[PDB]
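Peer 1: Sequence first, structure after; it's an experimental one.
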Amino acid sequence: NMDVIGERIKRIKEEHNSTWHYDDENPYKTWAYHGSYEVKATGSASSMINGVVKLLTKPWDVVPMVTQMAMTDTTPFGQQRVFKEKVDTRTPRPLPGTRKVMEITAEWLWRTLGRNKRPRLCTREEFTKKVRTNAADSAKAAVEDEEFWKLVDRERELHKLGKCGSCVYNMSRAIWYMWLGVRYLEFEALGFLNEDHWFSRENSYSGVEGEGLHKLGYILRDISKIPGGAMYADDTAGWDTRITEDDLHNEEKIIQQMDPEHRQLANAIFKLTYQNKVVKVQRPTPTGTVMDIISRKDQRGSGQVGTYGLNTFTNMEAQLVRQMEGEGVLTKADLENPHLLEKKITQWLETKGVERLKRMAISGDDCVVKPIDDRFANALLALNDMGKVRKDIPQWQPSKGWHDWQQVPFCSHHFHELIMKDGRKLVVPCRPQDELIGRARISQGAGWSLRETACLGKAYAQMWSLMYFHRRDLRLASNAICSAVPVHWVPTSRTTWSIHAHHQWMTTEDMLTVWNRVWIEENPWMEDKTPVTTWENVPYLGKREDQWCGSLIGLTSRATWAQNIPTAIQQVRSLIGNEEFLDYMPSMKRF
Ligand SMILES: O=C(O)Cc1cc(CC(=O)O)cc(-c2ccccc2)c1
Ligand SMILES: O=C(O)Cc1cc(CC(=O)O)cc(-c2ccccc2)c1
Ligand SMILES: [Zn+2]
Ligand SMILES: [Zn+2]
């Protein structure tokens, strides 16, 4: 293995030879440990509170999930405890027959995914435009510097030679250029999967990339119309740790559809950075803090460019195999068989594959499957064998499906069908309200002015206006936050990193206008394009469901908060100062 990772280690060794040592009391058991060097401690056990959001959500000061979220350990200590739990494990190798089905399926799936599209290289200008639009920190400074691009070019020349010298994953500009240069080279070779929407619903049938949270529920409702069994949504315990060498070799098959110059660069990314990796991990010691240099041949690097698309791909493949087992196409004898006949797998893929893909909604490790009947619940031999062991359930207990698409969990959410006063139906995203309020009350990082804090608060309030307007508490808090923040202040910083976020709330444009555009105008499931002229016509969940999903409506503390919210708004305003404010409270029935 040192023939592939050695050059990278040699450069880390030399760059930090002042503090380089082999700590013989390191915790790594499955990962290969190379050495350590001293560093300053990064992250805290707590997180900065958004005072604007906190001031306008007083009843949630006494809510356990809200308090819990105000913590989250990002220190070298917290990073080490989470590591040994899942990261430091080995997945048993799938059986020869299972490996054969996976290979047949992967081949078929890559050819289906590339039927209309062709792989291509992504560019310096695409990555530059991306780093610009996302920042508008030290990434934009590197992108604007020609010396960064000269180093990228040097690293690329090693890749074309089949060598790597600076592509290191993490769990000032010297190493920062080597990291951002590694991410650019990965984007150049594999970015087309994201950039050209290989996992969009139209291209992949199962995929949902580029659809958006507001479309996921409509997608789940459409799957529920397909005849078959219950809807299954099993979670895998630590998906990224369960990605085997066999999975990596099946994902690699996309290189076969590439142009020679592209194939050469993607093959270098796969073989030198996915199938062989050098990882930097922060660890505390009695002498201080160190950065450990570790390596392994399998698992997925969680923050990489290809990660989402490749997990979506491998999950679609795994779910097709489980459907095949559910249908009796694959038996126990077949999975053990090193000479299993391809014919029946190919036959099933060629005649039923696409129809079977349409029964699923897959986003990385998140899946929803509506098989042709419920034999799927007990079809576990292949799923467990492939290494995709389901979370918090005995390996062999049958899965439990849902007979109502509204009860189905997907991408940290569930979805409700709402009937508007005008009789039109909406399908909306929802989740427990404490998770929503608890996140909104946290400001990412430290050293933030009341200005930046108020704008992030406005960002969260406008996100709730567009996605979670059907929650009474969130509509009230959203109107209170927007009443307290000056009108012309542009929401800055993101509310979420979700690939399902289109950030339509990052504007000073009227939120009812934006709501109309998302839910009425551009909504393919909204046949009647009549606009909603008032927030009073934007529906709420029924009171009961609002309560079942964490609402405080009906509580005295909540009625006291609602009645006295203009006072709290006025307090934030007096602290912000002499700015122009709009009172958004009259857009509500209450005021
Ligand atoms: O990132 C977070 O803090 C929580 C979170 C999670 C998810 C689900 C997932 O991507 O895993 C989705 C969204 C989201 C919200 C509004 C619009 C679009 C997406 C937010
Ligand atoms: O049900 C509706 O359509 C109208 C509606 C709106 C609101 C939002 C607001 O807080 O002003 C709250 C409540 C509510 C119900 C029971 C107890 C406490 C509040 C009802
Ligand atoms: Zn490299
Ligand atoms: Zn709900």
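Peer 2: Yep, that arrived. Residues are numbered from 1 along each chain as shown. Ligands and ions are numbered 1, 2, ... in the order given.
Peer 1: what's the helix or strand for residue 353?
Peer 2: Using DSSP states H and E, residue 353 falls within helix 343-358.
Peer 1: most centrally placed residue in the protein?
Peer 2: Nearest residue to the geometric centre of the chain (CA atoms, centre = their mean): residue 498, 5.0 Å.
Peer 1: Just give me the neighbour total for the nearest residue to it once chain neighbours are set aside.
Peer 2: Spatial nearest neighbour of residue 498, chain neighbours left out: residue 213 (7.3 Å); criterion: CB to CB, 6 or more residues apart in numbering. Every residue, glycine included, has its C-beta placed from N, CA and C. Applying the criterion other CB atoms under 10 Å, we find 23 residues in the vicinity of residue 213.
Peer 1: Is residue 213 in contact with residue 427, as I believe?
Peer 2: No: look at residue 213 against residue 427 with CB atoms under 8 Å: they stay out of range, at 11.1 Å.
Peer 1: And the nearest residue to residue 252 once chain neighbours are set aside, how far from ligand 1?
Peer 2: Nearest residue to residue 252 in three dimensions, chain neighbours excluded: residue 270, at 4.8 Å (CB to CB, 6+ apart). For residue 270, the distance to ligand 1 (CB to the nearest ligand atom, to the nearest Å) stands at 26 Å.
Peer 1: all strands of this structure, in order?
Peer 2: Under the criterion DSSP state E, the chain contains strands at 32-38, 169-170, 277-285, 288-296, 360-363, 366-369, 414-419, 425-430.
Peer 1: Paired strands for the fourth one, with orientation please.
Peer 2: Same thing as strand 288-296. Counting by DSSP bridges, the strands paired with strand 288-296 are strand 32-38 (antiparallel), strand 277-285 (antiparallel).
Peer 1: Is stretch 421-435 in proximity to ligand 4?
Peer 2: Yes: shown here: stretch 421-435 in contact with ligand 4 (CB under 5 Å from the ion) through residue 430.
Peer 1: Quick one: end-to-end distance for that stretch.
Peer 2: 29 Å (CA to CA, to the nearest Å).
Peer 1: what's in contact with that stretch?
Peer 2: Residues from elsewhere that reach stretch 421-435, judged by CB atoms under 8 Å, 6 or more residues apart in numbering: 60, 63-66, 69, 213-214, 216-218, 221, 412-420, 467-468, 470-471, 473-474, 519, 525-526, 528, 530, 537, 539, 541, 549-552.
Peer 1: now swap in stretch 176-185 and tell me
Peer 2: So stretch 176-185 is in contact with 124, 127, 138-139, 142-143, 147-148, 151-152, 155-156, 159, 166-170, 265, 269, 273, 304-305, going by CB under 8 Å, 6+ apart.
Peer 1: List the buried residues of it.
Peer 2: Going by neighbour count (16 or more other CB atoms under 10 Å), the buried part of stretch 176-185 is 177-185.
Peer 1: got the residues you listed as CSV, with distance to residue 574 columns?
Peer 2: Formatted as CSV, the buried residues of stretch 176-185 follow (distance: CB to CB, whole Å):
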residue, distance to residue 574
177, 47
178, 49
179, 45
180, 43
181, 49
182, 49
183, 45
184, 47
185, 52
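Peer 1: tell me the contacts of the residue in the stretch 51-200 of the chain positioned nearest to ligand 2?
Peer 2: Across the stretch 51-200 of the chain, no residue is closer to ligand 2 than residue 59, which sits at 11.5 Å (CB to the nearest ligand atom). Each residue near residue 59 by CB under 8 Å, 6+ apart is listed here: 552, 555, 557-558, 561.
Peer 1: ok, these vs ligand 4, which is closest?
Peer 2: residue 552 (14.5 Å; CB to the ion).
Peer 1: Am I right that residue 148 is in contact with residue 142?
Peer 2: Yes: using CB under 8 Å, residue 148 is in contact with residue 142, at 4.3 Å.
Peer 1: if we can go back for a sec, can you select the buried ones from the contacts of residue 59 in PyMOL?
Peer 2: Buried subset of those, written as a PyMOL selection, criterion 16+ other CB under 10 Å:
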select buried, resi 552+558+561
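Peer 1: Can you flag which of the contacts of residue 59 belong to helices?
Peer 2: 557-558, 561 (DSSP state H).
Peer 1: quick one: which of those is nearest residue 201?
Peer 2: Proximity of the ones in helices among the contacts of residue 59 to residue 201 (CB to CB) peaks at residue 558, which lies at 39.3 Å.
Peer 1: So that closest one sits against residue 473, correct?
Peer 2: Yes: Residue 558 is within contact range of residue 473, at 7.3 Å (criterion: CB under 8 Å).
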